[PDB]
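> One structure coming up, written as structure tokens, with questions to follow.
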Amino acid sequence: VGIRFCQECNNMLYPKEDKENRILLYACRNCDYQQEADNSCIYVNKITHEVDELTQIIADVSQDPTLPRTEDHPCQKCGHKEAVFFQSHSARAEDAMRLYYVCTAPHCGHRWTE
Amino acid sequence: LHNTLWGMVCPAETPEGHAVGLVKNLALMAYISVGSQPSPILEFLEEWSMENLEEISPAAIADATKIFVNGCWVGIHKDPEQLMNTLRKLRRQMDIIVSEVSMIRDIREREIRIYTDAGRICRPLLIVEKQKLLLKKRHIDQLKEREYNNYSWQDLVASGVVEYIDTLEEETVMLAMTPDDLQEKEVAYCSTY
Amino acid sequence: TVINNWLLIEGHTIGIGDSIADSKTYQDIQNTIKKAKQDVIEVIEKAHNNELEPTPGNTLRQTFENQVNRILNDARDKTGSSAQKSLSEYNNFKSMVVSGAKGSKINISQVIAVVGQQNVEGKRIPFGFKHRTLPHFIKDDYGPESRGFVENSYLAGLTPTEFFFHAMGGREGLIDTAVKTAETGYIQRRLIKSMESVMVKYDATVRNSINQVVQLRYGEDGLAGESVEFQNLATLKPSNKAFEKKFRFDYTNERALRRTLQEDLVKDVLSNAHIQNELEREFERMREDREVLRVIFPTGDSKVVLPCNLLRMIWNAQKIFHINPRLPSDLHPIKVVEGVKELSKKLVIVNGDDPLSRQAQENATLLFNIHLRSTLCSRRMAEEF
Amino acid sequence: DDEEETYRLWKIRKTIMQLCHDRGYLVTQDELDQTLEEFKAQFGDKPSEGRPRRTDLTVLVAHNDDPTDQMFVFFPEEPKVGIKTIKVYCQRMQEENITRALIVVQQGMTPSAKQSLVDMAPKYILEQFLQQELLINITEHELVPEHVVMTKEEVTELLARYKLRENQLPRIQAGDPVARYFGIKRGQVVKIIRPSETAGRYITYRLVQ
Amino acid sequence: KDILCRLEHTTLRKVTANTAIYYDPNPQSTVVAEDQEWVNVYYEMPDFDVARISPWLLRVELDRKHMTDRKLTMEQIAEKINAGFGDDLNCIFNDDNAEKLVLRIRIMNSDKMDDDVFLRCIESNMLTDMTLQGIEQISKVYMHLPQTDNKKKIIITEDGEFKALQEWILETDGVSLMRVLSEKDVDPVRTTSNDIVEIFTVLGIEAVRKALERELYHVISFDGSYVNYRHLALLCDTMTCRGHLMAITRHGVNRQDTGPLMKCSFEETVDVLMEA
Amino acid sequence: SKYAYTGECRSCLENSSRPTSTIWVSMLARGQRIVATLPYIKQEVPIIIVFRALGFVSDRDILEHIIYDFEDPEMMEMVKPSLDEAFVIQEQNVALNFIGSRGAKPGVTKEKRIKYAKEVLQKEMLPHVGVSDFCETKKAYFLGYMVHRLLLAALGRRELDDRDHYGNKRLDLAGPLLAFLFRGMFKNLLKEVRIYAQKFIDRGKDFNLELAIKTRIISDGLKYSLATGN
RNA sequence: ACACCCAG
Ligand SMILES: [Zn+2]
Ligand SMILES: [Zn+2]
């Protein structure tokens, strides 16, 4: 889910098995640094790639003059009537033809997909 | 015939046989950029709030927009809204930036690309602000008396009503077709021209 | 010479008045385009919100593109049929399409009603810009105007966005013309230098340069393609009841034979028993005629290619001899059977008295003797011909 | 599996029994139209170490032209057949003095076994098949026309008629699936009857080389 | 549709939602919450399954939407693992009614490459080159009722008239003929393919010539243009004269027993004259 | 081929005599390692090697140059095979040795190929970023942006830049074309006036400069060109 | 040799 970096030689940690206690042990394999972690996860893979597109949409897209604007869908936590809607149109998104709405008010980067 | 040959490559004129599609011709208003020094633009950016590339840490890049001048990474910025409003105003006023210089903002990637080198192909377009042309009637009446007045196309560009837009800036422009239509009060297609 | 010099009197022309439609047709065309635009907008609205169920075999985006293209093609066909419905007989665009001299029905539809959807590389106009076909449209616009549909006609004039999309389909047709020609010319070269030495030898066996048999007879029948025509086999389509009715010479029902044959001919047919045995031998051979074609032709396609046009040279024989179809004939049915048997022995493709040669001769002209026995049977010659 | 294996064993038996009948070998009508539950009752229904074992479907048939010219049909147990197992079946053919035999191999043979099929080729004719290749009959396909193997006396009649040499005829490879089906060797000529949409029946001849 | 579900190649890339690997040594406690209920149910001393096994745990879950649209179960997957891998792997499956359809994989007990990357490497093998049900090199398979007699079957009734029925025809993507013909409830007479090479190596040399004539007539007569059968038969008999598919290129025409002078007029001019 | 999602950064310095140099950074197909195609080097090298050659040797500095935000694991996942490929190299000097051993001109001593590899790492690697002794942090940031553009396209986060887009094209008019001729033509004139002056000063006559320069190189070079089309 | 260009 995430790997920290070495405190001694600034390299990348890697999993290692120890027989003294049988606990997960992230060990840097360049130097001899040792570290015990608590996440207890090594590798996760999104096979159907259900990645939340709402986080990857940049909140500053709402001021693009080339994007359409409609007042039909108002902002949820902002209350502004008009907003900017678009499609992601990217790979690893299956159909990728469902609208994502971004509020156009300044200092409000709320994105909802409806 | 690619989609971005609009306005600066003729869609009709093309030779036949083995050469079809490869030998193209400029449009009527196409103006290939002659080239300029990137030193005044780089001097303006370092004078502004832009931080230098070696000055920053490799941790503030994620929440900032990279600045590209002639394809070279030169630093980052934290206020891209004010930078484009300043850069576009300075090109229209023709103060320090030559009118052939094209600045492109890729908001979905957070990149700013300023191109200055020769070889770019540009065409002139009018300027629309708040759904109104900046080309008022006083510009037409001055241009209708083009001689004995020392008023020409160069004074129209310096008045801030006509910009030169290349194909790469046309990715991020919303271009009105004709002022007779599409710029009035009806069922709205796009209110930000 | 005769037609052109009459054309000096009648004359023929084309003009603007051959493209103008009346006010009812233009209102009907504009109503269909407006309804089709509303249908596409409804589909896009049904596809933006997750309400469109994907058809099996393809993704949602290709399902959406198939549905939009189906509506726009139905729009072009409906506005096309509306435009040619209101064309007068004096219209000269119709005068050169129904004659097939030049042009087609889609050309009149493009001139009068709508140019139609314009495609580059199979699909519609792509997103050459960042998710836009042209800078004049909004981002992520899958509507008809933005993606290439031309709602105007040549007579009305194309809008500047539609003009540029027309220059794309026109260019793509020109790129296809140059690339296909350079490829097909190499296909043509390779295809024939491999077999330019293949020649029909004097023993009627197709052989190559090194004298290896490619085909035992040319085209498996020994007949050149110049003197063969499209014909119809009459004993492949009808059922068993219809075949027995229309192809068996009924030795009973003497009233019918009096209507079709003369008095001396019908007396010989009924009295003799050897003639009835021969006519029954014809029909049982015609049942094996049918069963062979059921094996050869499983799809029932009775349009085959054969040298002599049996249905036409019979019509030739009716006209040159002034044959009256109302009066009864004087042709003996056993003379027909002996005549067909003698004719079948007189047409040779594989010559020789060897049993191997006789088997190849029977197989080479098998399908022609199927058609010869079917068309020149006793029942059809006594009733129809 | 059990039901899938006993269906596969029944279907591969019906095809190879049709293979024997197409070669002119003495095959009764009962063995040709062997219904599935008739095979289940006669042999078994649990071939996974049960009554219908792999070495039980041995078929002995004889030529109609010559009674002492016979056939073996073999189903070896091992998925890969090797020199030692081949040498066992050679002793069985030496004991029962029958030359021609078929070995239906489930998952291919060793490269050494492949070279030993042709080692005693002019003494013992030993040709092979995969299990999936004999699982369905290929002659019954509509693309494959009805092949006929024609005797050497009829070949000499053919060459004297058309005044041809042996190499002037069209060719068919010995490794062709129809060629392996009929058990033809090099030098034989196969009479081939096809339906044509321009002449009817058309007969062409192919030599094995 | 049953023929569709069993001919089509189904892999774990099309049925699994997401996968993960963990470390939890004792089966009595795991980091994931909704697991320990049916883990203890399946570990009520299940003979060999509790042993000196390595602590590394592979936890993969399958999305219910694709699982219902493909109609499998955990029983079919379990013996597919036990046949593909044997006793080298231990598989534990959960109940069907659970929202999180969790499938658990562990490595065998007596196991120089470590298990932290062995379980990574075999997980890639499970989702790339493992077949759940179906036969390989088949990307998709379709269904459609025919309306024209190009693919429509035609029978002869008792009356003898040609009756055009409406059967179901499967069209695939990717070619593998030797096992589709081998499949139960599949017609072994009219089943064909557009691949010339596999027709030759499965059905013979006369079948590949008949198939050559079919696809060559289909590519030309689609436009409505007519070309006589004699020119079709002459090319198909020239290209299949020698018993192998004599491709019309330098690699097939310059390799036959003809004279060298029209070989060098064809292609390869200097190189043929060197060989001659 | 073996390359899926290749990269291209054809680069030339402003008013520099050297022509454009391509620095194709490619990802290998599944059959995910990132390799590079540095100029004046025969076969490909891993991208983490040239990062360690540039001066930044720790894996924290390399991934801070490439991966701008460490929160997302996806881009950190595809850079993992590249780090595993470059486990052998651990110093800057040995990274320079590996680059110089694969060069077009193989050196003799260890310091010979290190100096040659440092020359191509500095003067022919991204000349538009900068050609100077201390312009190496800017080069690695651009090489960090090299891989970051590659990882985004492999993830599909941004659309791949097609070649036929005409904003990705430039037009050489008579200006840049004639300046390209006058690049080497003035270089050829300065080369010959150097050997002519050296010939008259080796033996001690000194030289008259007005007769040292011939008006024949620039005149023929600009008249043979624009006429023959060469 | 190269460019340009005619016809399909
Ligand atoms: Zn460390
Ligand atoms: Zn808001």
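Residues are referred to by chain and number: the chain letter is A, B, ... according to the order shown in the structure tokens, the number counts from 1 in that chain, and ligands are numbered separately from 1 in the order shown.
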Counting only C-alpha atoms (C1' of nucleotides) and all ligand atoms, what are the residues, protein, DNA or RNA alike, that approach ligand 2 to within 9 Å? I want them as a CSV table (one decimal) with N, CA, C and O atoms, in the first residue's frame.

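What follows is the written file out-v3.csv:
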chain,number,residue,atom,x,y,z
A,74,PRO,N,-26.4,22.0,-9.7
A,74,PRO,CA,-25.8,23.0,-8.8
A,74,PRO,C,-24.8,22.3,-7.9
A,74,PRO,O,-24.7,21.1,-7.8
A,75,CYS,N,-23.9,23.1,-7.3
A,75,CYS,CA,-22.8,22.6,-6.5
A,75,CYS,C,-23.4,22.2,-5.1
A,75,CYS,O,-24.4,22.8,-4.6
A,76,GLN,N,-22.8,21.1,-4.5
A,76,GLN,CA,-23.4,20.6,-3.3
A,76,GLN,C,-23.0,21.3,-2.1
A,76,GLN,O,-23.9,21.9,-1.4
A,77,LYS,N,-21.7,21.4,-1.8
A,77,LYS,CA,-21.3,22.1,-0.6
A,77,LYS,C,-21.0,23.6,-0.8
A,77,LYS,O,-20.5,24.3,0.1
A,78,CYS,N,-21.2,24.1,-2.0
A,78,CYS,CA,-21.0,25.5,-2.4
A,78,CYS,C,-22.2,26.3,-2.7
A,78,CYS,O,-22.3,27.4,-2.4
A,79,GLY,N,-23.2,25.6,-3.3
A,79,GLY,CA,-24.5,26.3,-3.7
A,79,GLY,C,-24.5,27.1,-4.9
A,79,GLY,O,-25.5,27.7,-5.2
A,80,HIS,N,-23.4,27.1,-5.7
A,80,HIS,CA,-23.4,27.8,-7.0
A,80,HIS,C,-24.2,27.1,-8.0
A,80,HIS,O,-24.1,25.8,-8.1
A,81,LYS,N,-24.9,27.8,-8.8
A,81,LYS,CA,-25.9,27.1,-9.7
A,81,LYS,C,-25.1,26.5,-10.9
A,81,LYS,O,-25.4,25.4,-11.3
A,82,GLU,N,-24.2,27.2,-11.5
A,82,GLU,CA,-23.5,26.8,-12.7
A,82,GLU,C,-22.2,26.0,-12.4
A,82,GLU,O,-21.6,26.3,-11.4
A,83,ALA,N,-21.9,25.1,-13.2
A,83,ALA,CA,-20.7,24.3,-13.0
A,83,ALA,C,-20.2,23.7,-14.3
A,83,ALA,O,-20.8,23.8,-15.3
A,102,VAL,N,-17.4,19.7,-12.1
A,102,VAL,CA,-16.6,20.5,-11.2
A,102,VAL,C,-17.2,21.9,-11.0
A,102,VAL,O,-17.6,22.5,-12.0
A,103,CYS,N,-17.3,22.3,-9.8
A,103,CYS,CA,-17.9,23.6,-9.5
A,103,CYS,C,-17.0,24.7,-10.0
A,103,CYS,O,-15.8,24.6,-9.9
A,104,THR,N,-17.6,25.8,-10.5
A,104,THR,CA,-16.8,26.9,-11.1
A,104,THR,C,-16.6,28.1,-10.2
A,104,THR,O,-16.0,29.1,-10.6
A,105,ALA,N,-17.1,28.0,-9.0
A,105,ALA,CA,-16.8,29.1,-8.1
A,105,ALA,C,-15.4,29.1,-7.6
A,105,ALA,O,-14.8,28.1,-7.4
A,106,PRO,N,-14.8,30.3,-7.4
A,106,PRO,CA,-13.5,30.4,-6.8
A,106,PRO,C,-13.4,29.9,-5.4
A,106,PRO,O,-14.4,30.0,-4.7
A,107,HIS,N,-12.3,29.3,-5.1
A,107,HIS,CA,-12.0,28.7,-3.7
A,107,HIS,C,-13.0,27.6,-3.4
A,107,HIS,O,-13.4,27.5,-2.2
A,108,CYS,N,-13.4,26.8,-4.4
A,108,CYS,CA,-14.3,25.7,-4.2
A,108,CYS,C,-14.0,24.7,-5.3
A,108,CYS,O,-14.5,24.8,-6.4
A,109,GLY,N,-13.2,23.7,-4.9
A,109,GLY,CA,-12.8,22.7,-5.9
A,109,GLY,C,-13.5,21.4,-5.7
A,109,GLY,O,-13.0,20.3,-5.9
A,110,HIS,N,-14.8,21.5,-5.3
A,110,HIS,CA,-15.6,20.3,-5.1
A,110,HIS,C,-16.0,19.6,-6.4
A,110,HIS,O,-16.5,20.3,-7.3
A,111,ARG,N,-15.7,18.3,-6.5
A,111,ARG,CA,-16.0,17.6,-7.7
A,111,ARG,C,-16.9,16.4,-7.3
A,111,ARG,O,-16.7,15.7,-6.4
> Among stretch 85-138 of chain F, which ones does DSSP place in alpha helix (DSSP H), written as a PyMOL selection string?
chain F and resi 85+92-101+110-122+137-138
> Where in chain A does DSSP assign strand (DSSP E or B), given as a ChimeraX atom specification?
/A:5,12,15-17,24-27,34-36,41-45,69-70,83-87,99-103,111-112
> Chain F residues within 6 Å of chain B, counting only C-alpha atoms: which ones, as a PyMOL selection string?
chain F and resi 64+68-69+129+167+170-172
> What would the file look like if the residues just selected were written as a PDB file, in the first residue's frame with N, CA and C atoms?

ATOM      1  N   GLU F  64      12.417  11.319  -6.254  1.00  0.00           N
ATOM      2  CA  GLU F  64      11.905  12.674  -6.094  1.00  0.00           C
ATOM      3  C   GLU F  64      11.992  13.458  -7.391  1.00  0.00           C
ATOM      4  N   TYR F  68       6.554  12.991  -8.517  1.00  0.00           N
ATOM      5  CA  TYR F  68       6.371  14.256  -7.820  1.00  0.00           C
ATOM      6  C   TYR F  68       5.522  14.110  -6.566  1.00  0.00           C
ATOM      7  N   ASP F  69       4.550  13.206  -6.567  1.00  0.00           N
ATOM      8  CA  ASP F  69       3.734  12.930  -5.389  1.00  0.00           C
ATOM      9  C   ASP F  69       3.802  11.445  -5.077  1.00  0.00           C
ATOM     10  N   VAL F 129      18.821  22.008 -22.609  1.00  0.00           N
ATOM     11  CA  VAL F 129      18.736  22.262 -21.177  1.00  0.00           C
ATOM     12  C   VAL F 129      19.936  23.071 -20.714  1.00  0.00           C
ATOM     13  N   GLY F 167       0.689  21.197 -34.503  1.00  0.00           N
ATOM     14  CA  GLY F 167       1.354  22.003 -33.496  1.00  0.00           C
ATOM     15  C   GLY F 167       2.653  21.405 -33.016  1.00  0.00           C
ATOM     16  N   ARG F 170       7.351  22.249 -36.971  1.00  0.00           N
ATOM     17  CA  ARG F 170       7.913  23.556 -37.260  1.00  0.00           C
ATOM     18  C   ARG F 170       8.257  23.628 -38.736  1.00  0.00           C
ATOM     19  N   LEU F 171       8.307  24.844 -39.264  1.00  0.00           N
ATOM     20  CA  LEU F 171       8.581  25.070 -40.675  1.00  0.00           C
ATOM     21  C   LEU F 171       9.902  25.810 -40.816  1.00  0.00           C
ATOM     22  N   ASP F 172      10.836  25.227 -41.557  1.00  0.00           N
ATOM     23  CA  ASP F 172      12.118  25.865 -41.838  1.00  0.00           C
ATOM     24  C   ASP F 172      11.980  26.704 -43.098  1.00  0.00           C
TER      25      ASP F 172
END
> What are the nearest atom pairs, with distances in Å to one decimal, for all residues of chain E that come at most 9 Å from chain D, using only C-alpha atoms, set out by chain and rising residue number as a Markdown table?

| residue | atom | partner | partner_atom | distance |
| --- | --- | --- | --- | --- |
| E:178 | CA | D:133 | CA | 7.2 |
| E:179 | CA | D:132 | CA | 7.2 |
| E:181 | CA | D:136 | CA | 6.9 |
| E:182 | CA | D:136 | CA | 5.8 |
| E:183 | CA | D:136 | CA | 9.0 |
| E:188 | CA | D:141 | CA | 6.3 |
| E:189 | CA | D:141 | CA | 4.2 |
| E:190 | CA | D:142 | CA | 6.2 |
| E:191 | CA | D:141 | CA | 8.0 |
| E:192 | CA | D:143 | CA | 8.2 |
| E:200 | CA | D:176 | CA | 8.1 |
| E:201 | CA | D:177 | CA | 6.9 |
| E:202 | CA | D:177 | CA | 6.2 |
| E:203 | CA | D:177 | CA | 6.0 |
| E:204 | CA | D:177 | CA | 5.1 |
| E:205 | CA | D:176 | CA | 6.9 |
| E:206 | CA | D:144 | CA | 6.2 |
| E:207 | CA | D:143 | CA | 4.6 |
| E:208 | CA | D:143 | CA | 7.6 |
| E:209 | CA | D:143 | CA | 8.7 |
| E:210 | CA | D:143 | CA | 6.1 |
| E:211 | CA | D:143 | CA | 6.8 |
| E:229 | CA | D:198 | CA | 7.5 |
| E:230 | CA | D:198 | CA | 8.4 |
| E:240 | CA | D:170 | CA | 8.6 |
| E:241 | CA | D:170 | CA | 5.3 |
| E:242 | CA | D:171 | CA | 4.9 |
| E:243 | CA | D:172 | CA | 4.2 |
| E:244 | CA | D:173 | CA | 7.3 |
> Export N, CA and C atoms of the chosen residues as a PDB file, in the first residue's frame?

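In the end it all went to part-v4.pdb:
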ATOM      1  N   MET E 178      -9.191 -27.090 -34.301  1.00  0.00           N
ATOM      2  CA  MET E 178      -9.077 -28.510 -33.994  1.00  0.00           C
ATOM      3  C   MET E 178      -9.849 -28.881 -32.735  1.00  0.00           C
ATOM      4  N   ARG E 179     -10.132 -27.919 -31.861  1.00  0.00           N
ATOM      5  CA  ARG E 179     -10.863 -28.199 -30.639  1.00  0.00           C
ATOM      6  C   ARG E 179     -12.295 -27.688 -30.654  1.00  0.00           C
ATOM      7  N   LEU E 181     -14.184 -28.085 -33.377  1.00  0.00           N
ATOM      8  CA  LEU E 181     -14.785 -29.255 -34.006  1.00  0.00           C
ATOM      9  C   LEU E 181     -14.865 -30.429 -33.038  1.00  0.00           C
ATOM     10  N   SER E 182     -13.917 -30.525 -32.112  1.00  0.00           N
ATOM     11  CA  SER E 182     -13.904 -31.565 -31.095  1.00  0.00           C
ATOM     12  C   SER E 182     -14.960 -31.367 -30.020  1.00  0.00           C
ATOM     13  N   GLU E 183     -15.580 -30.199 -29.947  1.00  0.00           N
ATOM     14  CA  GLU E 183     -16.482 -29.869 -28.856  1.00  0.00           C
ATOM     15  C   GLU E 183     -17.839 -30.529 -29.064  1.00  0.00           C
ATOM     16  N   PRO E 188     -20.078 -30.787 -36.765  1.00  0.00           N
ATOM     17  CA  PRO E 188     -18.769 -31.061 -37.364  1.00  0.00           C
ATOM     18  C   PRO E 188     -18.746 -31.045 -38.883  1.00  0.00           C
ATOM     19  N   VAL E 189     -19.797 -30.573 -39.535  1.00  0.00           N
ATOM     20  CA  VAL E 189     -19.885 -30.554 -40.984  1.00  0.00           C
ATOM     21  C   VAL E 189     -19.732 -29.141 -41.530  1.00  0.00           C
ATOM     22  N   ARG E 190     -20.528 -28.205 -41.033  1.00  0.00           N
ATOM     23  CA  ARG E 190     -20.568 -26.858 -41.578  1.00  0.00           C
ATOM     24  C   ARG E 190     -19.665 -25.875 -40.845  1.00  0.00           C
ATOM     25  N   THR E 191     -18.942 -26.307 -39.823  1.00  0.00           N
ATOM     26  CA  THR E 191     -18.068 -25.414 -39.075  1.00  0.00           C
ATOM     27  C   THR E 191     -16.803 -25.149 -39.875  1.00  0.00           C
ATOM     28  N   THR E 192     -16.513 -23.878 -40.133  1.00  0.00           N
ATOM     29  CA  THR E 192     -15.359 -23.484 -40.925  1.00  0.00           C
ATOM     30  C   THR E 192     -14.705 -22.269 -40.291  1.00  0.00           C
ATOM     31  N   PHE E 200      -5.709 -25.884 -43.675  1.00  0.00           N
ATOM     32  CA  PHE E 200      -4.806 -26.803 -44.360  1.00  0.00           C
ATOM     33  C   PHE E 200      -4.249 -27.853 -43.413  1.00  0.00           C
ATOM     34  N   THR E 201      -3.860 -27.460 -42.207  1.00  0.00           N
ATOM     35  CA  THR E 201      -3.214 -28.392 -41.297  1.00  0.00           C
ATOM     36  C   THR E 201      -4.198 -29.211 -40.480  1.00  0.00           C
ATOM     37  N   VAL E 202      -5.499 -28.980 -40.631  1.00  0.00           N
ATOM     38  CA  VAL E 202      -6.523 -29.706 -39.894  1.00  0.00           C
ATOM     39  C   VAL E 202      -7.401 -30.531 -40.826  1.00  0.00           C
ATOM     40  N   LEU E 203      -7.854 -29.935 -41.928  1.00  0.00           N
ATOM     41  CA  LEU E 203      -8.817 -30.585 -42.799  1.00  0.00           C
ATOM     42  C   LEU E 203      -8.244 -31.114 -44.104  1.00  0.00           C
ATOM     43  N   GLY E 204      -7.070 -30.676 -44.523  1.00  0.00           N
ATOM     44  CA  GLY E 204      -6.425 -31.301 -45.658  1.00  0.00           C
ATOM     45  C   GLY E 204      -6.057 -30.297 -46.722  1.00  0.00           C
ATOM     46  N   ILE E 205      -5.714 -30.802 -47.907  1.00  0.00           N
ATOM     47  CA  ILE E 205      -5.300 -29.951 -49.019  1.00  0.00           C
ATOM     48  C   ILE E 205      -6.432 -29.670 -50.000  1.00  0.00           C
ATOM     49  N   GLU E 206      -7.403 -30.571 -50.116  1.00  0.00           N
ATOM     50  CA  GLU E 206      -8.568 -30.247 -50.929  1.00  0.00           C
ATOM     51  C   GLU E 206      -9.557 -29.376 -50.186  1.00  0.00           C
ATOM     52  N   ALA E 207      -9.626 -29.515 -48.870  1.00  0.00           N
ATOM     53  CA  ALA E 207     -10.488 -28.648 -48.085  1.00  0.00           C
ATOM     54  C   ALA E 207      -9.960 -27.226 -48.064  1.00  0.00           C
ATOM     55  N   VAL E 208      -8.640 -27.061 -48.028  1.00  0.00           N
ATOM     56  CA  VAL E 208      -8.091 -25.716 -48.013  1.00  0.00           C
ATOM     57  C   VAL E 208      -8.244 -25.072 -49.377  1.00  0.00           C
ATOM     58  N   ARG E 209      -8.316 -25.865 -50.441  1.00  0.00           N
ATOM     59  CA  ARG E 209      -8.585 -25.290 -51.752  1.00  0.00           C
ATOM     60  C   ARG E 209     -10.048 -24.897 -51.887  1.00  0.00           C
ATOM     61  N   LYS E 210     -10.954 -25.710 -51.356  1.00  0.00           N
ATOM     62  CA  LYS E 210     -12.362 -25.330 -51.325  1.00  0.00           C
ATOM     63  C   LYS E 210     -12.581 -24.123 -50.427  1.00  0.00           C
ATOM     64  N   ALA E 211     -11.878 -24.059 -49.300  1.00  0.00           N
ATOM     65  CA  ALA E 211     -11.969 -22.883 -48.445  1.00  0.00           C
ATOM     66  C   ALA E 211     -11.328 -21.675 -49.100  1.00  0.00           C
ATOM     67  N   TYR E 229     -16.340 -18.294 -62.359  1.00  0.00           N
ATOM     68  CA  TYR E 229     -15.756 -19.321 -61.505  1.00  0.00           C
ATOM     69  C   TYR E 229     -14.497 -19.930 -62.102  1.00  0.00           C
ATOM     70  N   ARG E 230     -14.341 -19.886 -63.422  1.00  0.00           N
ATOM     71  CA  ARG E 230     -13.181 -20.495 -64.062  1.00  0.00           C
ATOM     72  C   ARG E 230     -11.891 -19.806 -63.650  1.00  0.00           C
ATOM     73  N   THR E 240      -2.690 -24.430 -55.001  1.00  0.00           N
ATOM     74  CA  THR E 240      -2.679 -25.679 -54.251  1.00  0.00           C
ATOM     75  C   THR E 240      -2.357 -26.871 -55.144  1.00  0.00           C
ATOM     76  N   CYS E 241      -1.529 -26.668 -56.165  1.00  0.00           N
ATOM     77  CA  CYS E 241      -1.188 -27.751 -57.080  1.00  0.00           C
ATOM     78  C   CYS E 241      -0.171 -28.704 -56.479  1.00  0.00           C
ATOM     79  N   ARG E 242       0.768 -28.194 -55.697  1.00  0.00           N
ATOM     80  CA  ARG E 242       1.933 -28.960 -55.283  1.00  0.00           C
ATOM     81  C   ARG E 242       1.753 -29.649 -53.941  1.00  0.00           C
ATOM     82  N   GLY E 243       0.574 -29.568 -53.342  1.00  0.00           N
ATOM     83  CA  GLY E 243       0.323 -30.183 -52.062  1.00  0.00           C
ATOM     84  C   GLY E 243       0.589 -29.303 -50.871  1.00  0.00           C
ATOM     85  N   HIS E 244       1.214 -28.153 -51.067  1.00  0.00           N
ATOM     86  CA  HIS E 244       1.393 -27.176 -50.013  1.00  0.00           C
ATOM     87  C   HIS E 244       0.869 -25.843 -50.509  1.00  0.00           C
TER      88      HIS E 244
END
> Quick one: residues within 12 Å of ligand 1, with only C-alpha atoms (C1' of nucleotides) and all ligand atoms, as a PyMOL selection string?
(chain A and resi 4-14+26-35) or (chain F and resi 58-60+90)
> List every residue of chain C that has an atom at most 9 Å from any atom of chain D, and for each one report the closest atom pair and its distance in Å to one decimal, counting only C-alpha atoms, with rows sorted by chain and then by increasing residue number, as CSV.

residue,atom,partner,partner_atom,distance
C:203,CA,D:162,CA,8.5
C:210,CA,D:168,CA,8.4
C:211,CA,D:168,CA,6.5
C:212,CA,D:168,CA,4.2
C:213,CA,D:169,CA,5.6
C:214,CA,D:170,CA,6.8
C:215,CA,D:204,CA,7.6
C:216,CA,D:204,CA,6.9
C:219,CA,D:198,CA,7.7
C:220,CA,D:199,CA,6.3
C:221,CA,D:199,CA,5.4
C:292,CA,D:200,CA,8.6
C:293,CA,D:200,CA,8.1
C:295,CA,D:195,CA,8.0
C:296,CA,D:195,CA,5.4
C:297,CA,D:197,CA,7.6
C:304,CA,D:198,CA,7.0
C:305,CA,D:198,CA,6.2
C:306,CA,D:198,CA,7.1
C:354,CA,D:161,CA,8.1
C:356,CA,D:158,CA,7.4
C:357,CA,D:161,CA,7.9
C:360,CA,D:203,CA,7.2
C:362,CA,D:201,CA,8.8
C:363,CA,D:201,CA,5.2
C:364,CA,D:199,CA,5.6
C:365,CA,D:199,CA,6.0
C:366,CA,D:200,CA,5.5
C:367,CA,D:200,CA,5.0
C:368,CA,D:199,CA,7.2
> Only residues of chain C matter here; which ones have an atom within 9 Å of chain F, counting only C-alpha atoms? Give them as a list in words.
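That gives the following set of residues: residues 128, 129 and 130 of chain C.
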> Can you pull out every residue within 12 Å of stretch 133-140 of chain F, counting only C-alpha atoms (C1' of nucleotides), but drop anything in the same chain fewer than 4 positions away, and send it as an NGL selection string?
(:B and (52-58 or 72-75)) or (:F and (47-57 or 61-66 or 118-119 or 121-129 or 144-148))
> Can you tell me how far atom CA of residue C:105 sits from atom CA of residue C:93, in Å to one decimal?
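Spanning atom CA of residue C:105 to atom CA of residue C:93 is a straight-line distance of 9.1 Å.
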